[PDB]
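Student: Encoded as structure tokens, here's the structure I'll be asking about.
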Amino acid sequence: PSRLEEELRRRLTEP
Amino acid sequence: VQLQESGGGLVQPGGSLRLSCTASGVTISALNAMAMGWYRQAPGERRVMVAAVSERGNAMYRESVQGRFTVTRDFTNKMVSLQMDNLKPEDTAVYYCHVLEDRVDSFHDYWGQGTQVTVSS
């Protein structure tokens with residue numbers, strides 16, 4: 001995954 | 001980056017709704033290097049990200065909406081859309097168009113206006 005995609009994964013799992 | 005949502009409003013449980021969003025004040029080449037996506041917020045919750053298309057064209061989803069929500073990005077026309085199928089009462093929220101910029105040391109959030117989606121029998 002890219003830098004943005006690693007940051008997107010974090011945001012999409014934040015409750 | 002200026003973002004504007006179209007669509008919203010009332011749907012019955014199990015129903016479908018499409019939101020769209022256009023970006024302006026940004027070139028195609030600049031916006032290509034950014035992510036585009038969608039957040040939602042119900043009263044008494046924080047804004048949380050539900051779907052995005054990365055700068056590499058990869059759609060990504062929150063588990064609670066995967067399969068039901070489809071996010072699509074038109075790079076050429078600087079648009080992102082959220083097709084919401086099989087909607088549930090707990091999908092009721094204000095939905096925000098969002099762009100994520102990598103500013104190297106930090107990330108920058110660009111926000112749309114928000115549009116209410118209401119799921120009611």
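Ligands are numbered from 1 in the order shown, residues from 1 within each chain, and chains are lettered A, B, ... in the order they appear in the structure tokens.
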Which residues come within 6 Å of segment 6-13 of chain A, counting only C-alpha atoms, excluding same-chain residues fewer than 2 positions away, as a compact mmCIF listing (two decimals) with C-alpha atoms, in the first residue's frame?
Tutor:
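Result written to selection.txt:
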```txt
# COMPACT_ATOMS: atom_id res chain seq x y z
CA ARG A 3 1.43 6.44 2.24
CA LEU A 4 -2.08 7.75 1.44
CA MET B 49 -14.42 8.05 6.98
CA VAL B 50 -16.64 5.46 5.26
CA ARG B 62 -15.26 0.83 6.32
```
Student: Could you pull out the residues in chain A that DSSP calls helix (DSSP H, G or I) from the backbone, as a list in words?
Tutor: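 Matching residues, listed in order: residues 3, 4, 5, 6, 7, 8, 9, 10, 11, 12 and 13 of chain A.
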Student: Write out as a PyMOL selection string the set of residues from chain B that DSSP, computed on the backbone, places in strand (DSSP E).
Tutor: chain B and resi 2-6+9-11+17-24+35-41+48-53+59-61+69-74+79-84+93-102+107-111+115-119
Student: Please list as a list in words every residue within 8 Å of residue 116 of chain B, counting only C-alpha atoms and excluding residues in the same chain fewer than 5 positions away.
Tutor: residues 8, 9, 92, 93, 94 and 95 of chain B
Student: Store the residues picked out above in a file with N, CA and C atoms, as a CSV table (one decimal), in the first residue's frame.
Tutor:
```
chain,number,residue,atom,x,y,z
B,8,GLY,N,-29.0,13.6,-1.8
B,8,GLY,CA,-29.3,13.4,-0.3
B,8,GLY,C,-30.8,13.2,-0.1
B,9,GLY,N,-31.1,13.2,1.2
B,9,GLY,CA,-32.5,13.2,1.6
B,9,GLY,C,-33.0,11.9,2.0
B,92,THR,N,-28.3,6.8,8.7
B,92,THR,CA,-28.8,8.2,8.8
B,92,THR,C,-27.7,9.0,9.4
B,93,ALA,N,-27.3,10.1,8.7
B,93,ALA,CA,-26.1,10.9,9.0
B,93,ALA,C,-26.0,12.0,8.0
B,94,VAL,N,-25.2,13.0,8.3
B,94,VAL,CA,-24.7,14.0,7.3
B,94,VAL,C,-23.4,13.4,6.7
B,95,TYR,N,-23.4,13.3,5.4
B,95,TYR,CA,-22.3,12.7,4.6
B,95,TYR,C,-21.5,13.9,4.0
```
Student: Rounded to one decimal place, report the atom CA of residue 5 of chain B-atom CA of residue 2 of chain A distance in Å.
Tutor: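 Computing the Euclidean distance for atom CA of residue 5 of chain B and atom CA of residue 2 of chain A yields 26.9 Å.
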Student: Which one is closest to residue 83 of chain B: B:37, B:43, B:57, B:25? Count only C-alpha atoms.
Tutor: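 For residue 83 of chain B, the nearest of the given residues is B:37.
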Student: Can you tell me, as a PyMOL selection string, what residues are no more than 9 Å from segment 26-28 of chain B when counting only C-alpha atoms, ignoring any on the same chain fewer than 6 positions away?
Tutor: chain B and resi 1-2+75-78
Student: What's around residue 69 of chain B at 9 Å? Count only C-alpha atoms, leave out sequence neighbours fewer than 2 positions away in its own chain, and write the answer as a list in words.
Tutor: residues 50, 51, 61, 65, 66, 67, 71, 82, 83, 84, 85, 86 and 87 of chain B
Student: For chain A, work out the contacting residues on chain B at 10 Å, counting only C-alpha atoms, and write them as a PyMOL selection string.
Tutor: chain B and resi 33-35+37+39+45-56+58-64+100-102+104+107
